[PDB]
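Protein chains: 2
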Amino acid sequence: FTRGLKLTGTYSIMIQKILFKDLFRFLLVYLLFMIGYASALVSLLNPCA
Amino acid sequence: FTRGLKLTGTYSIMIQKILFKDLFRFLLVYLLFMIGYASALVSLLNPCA
Numbered sequence: 001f002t003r004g005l006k007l008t009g010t011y012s013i014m015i016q017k018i019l020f021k022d023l024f025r026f027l028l029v030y031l032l033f034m035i036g037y038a039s040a041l042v043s044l045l046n047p048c049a
Numbered sequence: 101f102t103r104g105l106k107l108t109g110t111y112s113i114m115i116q117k118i119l120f121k122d123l124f125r126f127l128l129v130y131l132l133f134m135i136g137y138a139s140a141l142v143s144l145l146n147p148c149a
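The listed protein sequences derive, respectively, from chains W and Y.
Read the first sequence against this note's numbering and you will find it ends at 49, with the numbers running on by one and no gaps.
Read the second sequence against this note's numbering and you will find it ends at 149, with the numbers running on by one and no gaps.
Now the structure itself:
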């Protein structure tokens, strides 16, 4: 319910274009890249014996 | 008294229309979110028992 005024109507749909279609594509390749090293760099830790 | 100094007179009536609007336009989407999240998360908390 911000689609009545043009100023806060344009503002609300600029969110979704960034979020659903451009920010969401980055959070996938930032998660899989994070989960890449975080499983890699715990190998380099000494055995806990 | 900046009427004639080009740079200082430029930013004088920038903030009149650009900041009574956008900060207010920022004020809607933050107040829509925060009242939702905080009241969700204080309801997540435990009562005094």
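Each residue gets a CB set at the ideal place from its N, CA and C atoms; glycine is no exception.
- Under the DSSP assignment, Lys-6(W) falls in the alpha helix (DSSP H) whose first and last residues are 6-18.
- Identification of residues in the segment 20-43 of chain W having a C-beta nearer than 9 Å to some C-beta of chain Y yields an empty set.
- The beta-carbon distance between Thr-2(W) and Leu-128(Y), rounded to whole angstroms, is 7 Å. This is short enough to meet the 8 Å contact definition.
- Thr-8(W) belongs to the set of residues whose beta carbon lies under 7 Å from a beta carbon in chain Y.
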